[PDB]
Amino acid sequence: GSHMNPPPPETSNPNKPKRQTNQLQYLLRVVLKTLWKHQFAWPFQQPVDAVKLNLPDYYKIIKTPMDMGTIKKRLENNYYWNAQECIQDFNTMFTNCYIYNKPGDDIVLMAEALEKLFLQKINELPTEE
């Protein structure tokens, strides 16, 4: 895409050690699946195109971009070693939304709804087996 957007986060790297754990399986089959199909998922399903949105300061402010499309691909590609790396990606995504936007903005209300659902799902994350 545009040279004015940054390259998206890595989803593949043969040098990075990888594992499938029951927790990671849960994060794909339950957590991502639940959030991905939510009414409010669409702003989070791909990286922010700051050019298309006319937000030239977006990647001045957000230095750690993350989106659910990247998380989906990481999970599908078995990119992670553990669940905490994936949880951290979700946390980063929500925090970037809250940093860039204002309390009560539509996208923040959407993020808050998804984050509540995320927290409920993580409360049920199984012990690593």
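From 1 onward, residues are counted along the sequence shown. Definition used throughout: the rigid core is the maximal C-alpha set that superposes within 1.5 Å between two forms.
- Of 9 to 17 and 107 to 115, the stretch whose C-alpha atoms sit farther from the shown form in 7 other deposited structures of this protein, after fitting on the rigid core, is 9 to 17.
- Higher mean CA temperature factor between 89 to 97 and 35 to 43: 35 to 43, per the PDB entry.
- The mean Cα B-factor in the deposited entry runs higher for 26 to 34 than for the other of 26 to 34 and 59 to 67.
- Placement of the Cα temperature factor of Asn82 within the chain: middle third of the modelled residues, per the deposited record.
- The entry lists a Cα temperature factor for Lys73 that places it in the middle third of the chain's modelled residues.
- The entry lists a Cα temperature factor for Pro7 that places it in the middle third of the chain's modelled residues.
- Placement of the Cα temperature factor of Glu112 within the chain: middle third of the modelled residues, per the deposited record.
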